[PDB]
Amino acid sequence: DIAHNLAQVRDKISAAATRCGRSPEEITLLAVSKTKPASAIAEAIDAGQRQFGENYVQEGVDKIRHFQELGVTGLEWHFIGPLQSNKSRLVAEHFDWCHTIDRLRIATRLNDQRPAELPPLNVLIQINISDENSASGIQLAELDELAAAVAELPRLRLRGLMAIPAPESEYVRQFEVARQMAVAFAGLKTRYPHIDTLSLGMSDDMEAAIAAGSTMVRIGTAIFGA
């Protein structure tokens, strides 16, 4: 039951924040609805969920159009999959956030294809913090340069960082890796304006990510099922 699962997940986030001294409000729950039907998103909506994350462009665009044509206001849609250049226009025209800026050229494409009447597209720069086997995300050594270039693009708004750490079973390492992201995120925050989003943490490392300083966790299966 989606309404019940949403309650259980929000309770875990709330408990995790309180234990480490943070206010639960600091943690945004991103409900990841990739591969799940619109009817399931509609249940999450009827239960108060507003921010949804999708990974595949046409799947996400169809969902966005569906809920626009029902007139459901609110809703923030986050593109959290890898973005290839020949599908960037659909993202720039329909999505509210994109977490996967990992090269300047995809950012400038998004900037250029974003209609001027929409709000700036909120973007995070994706760090490959700990994953040998991923071609996604930049190294931390590249952050300052990419952030400067991206932050000039006027139809985008650089809001912080995202990372998908390598899968890790040890809590100690979950926290250390996440802390590395939190540190980079703080250092970014001193120099840049409106840095407020660390997209970090899924079901299995949720506690360490929150304790480390994440502002947003991405939960799919624990909400929608398998």
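Quick note: we count residues from 1 along the sequence shown, nothing fancier.
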Check: If you average the CA temperature factors over each stretch, which comes out higher, 210-218 or 21-29?
Finding: 21-29
Note to self: Mean CA temperature factor from the deposited coordinates, higher in 83-91 or in 96-104?
What the structure shows: 83-91
Next item on the list: Just grab whichever of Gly187, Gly201, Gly48, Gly60 has the top CA B-factor as deposited.
Entry: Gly187
Check: Per the entry, which of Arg65, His194, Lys34, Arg179 tops the list for Cα B factor?
Finding: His194
Check: How does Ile13 rank on Cα B-factor within its chain, lowest, middle or highest third?
Finding: lowest
Check: By the record's CA B-factor, is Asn128 among the lowest, middle or highest third of residues in the chain?
Finding: middle
Note to self: Where does the C-alpha B-factor of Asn122 rank in its chain, lowest, middle or highest third?
What the structure shows: lowest
Next item on the list: Name the third of the chain's ranked CA B-factors that contains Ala38, choosing lowest, middle or highest.
Entry: middle
Next item on the list: Quick one: classify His78 as lowest, middle or highest third of the chain based on its Cα B-factor.
Entry: lowest
